[PDB]
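Report on one structure; see the data block that follows.
Just so it is clear: chains get the letters A, B, ... in the order the sequence lines come, proteins before strands, and each one is counted from 1.
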Amino acid sequence: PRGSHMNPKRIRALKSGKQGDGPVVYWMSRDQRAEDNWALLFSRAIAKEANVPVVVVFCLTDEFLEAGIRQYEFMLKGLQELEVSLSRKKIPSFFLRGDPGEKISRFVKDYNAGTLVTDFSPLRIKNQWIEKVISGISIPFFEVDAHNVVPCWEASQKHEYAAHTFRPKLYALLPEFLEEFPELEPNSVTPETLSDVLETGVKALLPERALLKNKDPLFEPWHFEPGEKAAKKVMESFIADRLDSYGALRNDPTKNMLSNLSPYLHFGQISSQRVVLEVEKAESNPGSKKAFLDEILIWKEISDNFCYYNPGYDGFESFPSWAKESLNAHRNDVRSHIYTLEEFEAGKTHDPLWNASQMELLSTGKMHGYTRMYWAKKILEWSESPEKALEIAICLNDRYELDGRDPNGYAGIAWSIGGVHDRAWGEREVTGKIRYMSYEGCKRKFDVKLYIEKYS
DNA sequence: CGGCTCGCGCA
DNA sequence: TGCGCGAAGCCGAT
Ligand SMILES: Cc1cc2nc3c(=O)[nH]c(=O)nc-3n(C[C@H](O)[C@H](O)[C@H](O)COP(=O)(O)OP(=O)(O)OC[C@H]3O[C@@H](n4cnc5c(N)ncnc54)[C@H](O)[C@@H]3O)c2cc1C
């Protein structure tokens, strides 16, 4: 539908109907940003063709009760900066509270919407909201993949077994879908408070706050400043200062050599395509560039592939046949230790390395990538059953990780526990043929004592 | 049949 | 640290 720099393969039709005479409405759910947003740019293009203005709507659901203040304040403060950003472009932002299946449907009829566009997310609840919205509206409904460089329905048509199978498919379509982002043209036609929503939600999440012995909060919110402007600053410092040493020090939690982009990438405050755009043009270590590109392009977008083609991505059924048979055969094996969710959450295990990894999670909200595997694999080794291990790993991840409730999390948890996108290894006790990690193995790769002493 | 995102022994 | 090997099941290029 019109546009020169717009790839039609990024947008697909969810519902057909006669185009309305009112302004087009963009349902911002996953990509919370103004710049480098294909969904917002496409919505403006439809608005320009029909000589109507564009408007952005955000529906605040009750999902924040499951999570904590750390994700609520991160998302809410970014939205406050987002509201000012669209105001400079004469784009109004409307924030609702309630079920999207009824709030968005009512808003379309009340505002007399002409075209409805939303971003793409492979989550189960996102599809449920779309189906409820479709039955409640009679206007065209579109969906744009503004999160992945290559659209999820275009990269692959089936669930990918391993990364080596998905590697050639993604890199083959890169020269077409890797382009520059055109500027967002301001609106030509002009036509709840965000502070009150933050205050009300915080009070409802105060009892569930993670506290210390002296009733002191554990979360440290000064590590990551939320917002679109700060996300660019984090990416800028990574390329200039940390990209050169990424390829050799990304497995060292004692060194802050990671991009620290997941909290911004999860909420959509920065575009992964923009990050790839600047990294490809940077003169850095070729090994470091290849290692990082395989992380933000291959494994990041294969998590969407895993969740899109596997509705049970957070279940034992999603595990492949060889993993299920191995885990089932070792169900009756005696575990060395058995810890409950409360003991795992408090970091009260016999392993000081595991406790240190949990302490980093509770304090900063972003545990190091290498220690995340050992954090999740040891849960399986010290749990009643593989189903309980998956339950605890998901619960702790979605509650304390700033990048939690993301396809990158469920795929990562399934990789560590169920071996998704992995292969079989030496047969062992309890864990069976799932990939095994040991405390001594971490000793030969990084200074373990420094990591434990940093987080008690 | 070749190649895959651990621990382990050895410079 | 860095390198080669072991141990394991399976996709897919043919
Ligand atoms: C058990 C487990 C749970 C995880 N939980 C989450 C989660 O809740 N949310 C989340 O976004 N990521 C999660 N990860 C994936 C990964 O650990 C994080 O993306 C990364 O550690 C965040 O730090 P970083 O962005 O600075 O790392 P970087 O090395 O800078 O990563 C760059 C980017 O690449 C992507 N990426 C990196 N590693 C992975 C990976 N293993 N799988 C998929 N994409 C990746 C992310 O978008 C990340 O922002 C989890 C991994 C595991 C093993």
Side-chain angles (χ1 to χ4, degrees), chain A residues 155-157 159-172 244-255 257-259 261-262 272 279 285-289 291-306 309-310 318-330 336 351 353-354 357 367-381 386 407-442 445-448 450-451:
Chain A
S156 184
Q157 291 75 233
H159 162 239
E160 291 295 325
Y161 189 58
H164 68 78
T165 320
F166 189 60
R167 184 118 52 139
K169 261 134 150 196
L170 199 292
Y171 280 131
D244 217 17
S245 306
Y246 181 88
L249 300 178
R250 50 105 191 281
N251 300 97
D252 202 336
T254 66
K255 313 229 201 255
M257 232 63 45
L258 298 190
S259 75
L261 281 170
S262 56
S272 57
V279 160
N285 195 300
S288 285
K289 282 173 64 157
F292 179 72
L293 282 181
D294 267 354
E295 294 292 327
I296 201 162
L297 267 168
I298 302 266
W299 288 95
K300 173 173 165 291
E301 302 196 5
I302 211 176
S303 302
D304 272 32
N305 171 273
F306 173 61
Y309 296 111
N310 306 267
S318 69
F319 298 169
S321 304
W322 74 264
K324 295 191 287 202
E325 287 163 5
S326 187
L327 291 175
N328 288 347
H330 291 281
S336 62
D351 200 340
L353 178 62
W354 199 97
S357 308
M367 177 203 323
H368 192 266
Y370 187 84
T371 44
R372 265 156 134 151
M373 303 184 270
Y374 191 93
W375 168 83
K377 282 178 177 299
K378 284 315 169 180
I379 284 165
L380 157 76
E381 212 181 332
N408 286 349
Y410 297 121
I413 289 173
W415 179 94
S416 302
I417 301 184
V420 178
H421 312 324
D422 207 359
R423 59 203 229 243
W425 302 85
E427 165 85 349
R428 290 182 58 89
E429 248 166 73
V430 164
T431 60
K433 279 140 191 230
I434 311 297
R435 186 194 292 244
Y436 182 75
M437 273 170 74
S438 65
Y439 175 85
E440 291 82 6
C442 297
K445 289 215 243 283
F446 74 76
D447 196 346
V448 175
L450 189 47
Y451 187 70

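Closest to the side chain of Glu440(A), from the set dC8(B), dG9(C), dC11(C), is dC8(B). Distance from the side chain of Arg435(A) is smallest to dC6(B) among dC6(B), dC10(C), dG9(C). Proximity note for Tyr370(A) (side chain, C-beta onward) versus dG7(B), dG9(C), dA7(C): the nearest is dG7(B). Each of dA8(C), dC6(B), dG12(C) was ranked by its minimum atom distance to the side chain of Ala424(A); first place goes to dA8(C).
The torsion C1'-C2'-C3'-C4' is the criterion here, and for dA8(C) it is positive, giving a north pucker. Pucker assignment for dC8(B) gives south. The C1'-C2'-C3'-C4' angle has a negative sign.
Tested against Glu301(A) for a side chain to side chain contact (heavy atoms under 4.5 Å, CB included), the candidates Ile296(A), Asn408(A), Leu170(A) yield a single pass: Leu170(A). Each of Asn328(A), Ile434(A), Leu327(A), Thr431(A) was scored for a side chain to side chain contact (heavy atoms under 4.5 Å, CB included) with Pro386(A), with one residue passing: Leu327(A).
In this structure, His164(A) atom NE2 and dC4(B) atom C1' are separated by 6 Å, rounded to whole Å. Remark: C1' of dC11(C) and NE2 of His159(A) are 12 Å apart, rounded to the nearest angstrom. Taking atom CD1 on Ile298(A) and atom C1' on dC4(B), their separation rounds to 14 Å, with Å as the unit. Atom NZ in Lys378(A) sits roughly 11 Å away from atom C1' in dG7(B) (whole-Å rounding). Per the geometry, CG belonging to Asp422(A) stands 18 Å off P belonging to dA7(C), to the nearest Å. Rounded to whole Å, atom P of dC4(B) lies 11 Å from atom CG of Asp294(A). Atoms CD (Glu160(A)) and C1' (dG12(C)) sit 11 Å apart, rounded to a whole Å. Between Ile302(A) atom CD1 and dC11(C) atom P there is a gap of 14 Å when expressed in whole angstrom units.
For the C1' atom pair drawn from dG3(B) and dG6(C), the interatomic distance equals 15 Å after rounding to whole Å. Taking atom P in both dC6(B) and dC10(C), one finds a spacing of 22 Å when rounded to whole Å. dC4(B) and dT14(C) are spaced 16 Å apart, taking the P atom of each and rounding to whole Å.
Residue contacts shown for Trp322(A) are limited to sugar-phosphate atoms, with no base heavy atom under 4.0 Å away.
Counting non-hydrogen atoms of neighbouring residues, nucleotides and ligands closer than 6.0 angstrom, the NZ atom of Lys324(A) exceeds 12 such neighbours.
The base of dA7(C) is paired with the side chain of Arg423(A) by a donor and an acceptor separated by under 3.5 Å.
In this model, the phosphate group of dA7(C) is not approached by any side-chain N or O of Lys433(A) to a distance below 4.0 Å at OP1 or OP2. Contact check, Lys445(A) against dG7(B): a side-chain N or O comes under 4.0 Å of OP1 or OP2.
Between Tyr246(A) and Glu295(A) the shortest side-chain heavy-atom distance falls below 4.5 Å.
Checked by atom type, the side-chain pair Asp294(A)/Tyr171(A) shows a donor-acceptor distance below 3.5 Å.
With the nearest nucleotide of DNA chain C identified for both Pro168(A) and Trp425(A), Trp425(A) has the one nearer the 5' end. Heavy-atom nearest nucleotides on DNA chain C were determined for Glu325(A) and for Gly426(A), and the one closer to the 5' end corresponds to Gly426(A).
Applying the side chain to side chain contact (heavy atoms under 4.5 Å, CB included) criterion to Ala376(A), with sequence neighbours excluded, gives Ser416(A). With sequence neighbours left out, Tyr436(A) forms a ring pair (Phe, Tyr, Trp, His ring centres under 6.0 Å) with no residue at all.
Side-chain atoms of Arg167(A) never come within 3.5 Å of backbone atoms of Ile298(A) as a donor-acceptor pair (strictly under, hydrogens ignored).
A stem is defined here as three or more consecutive Watson-Crick or G-U pairs, each with both distances under 3.5 Å; for DNA chain C these stems are B:6-11 with C:1-6.
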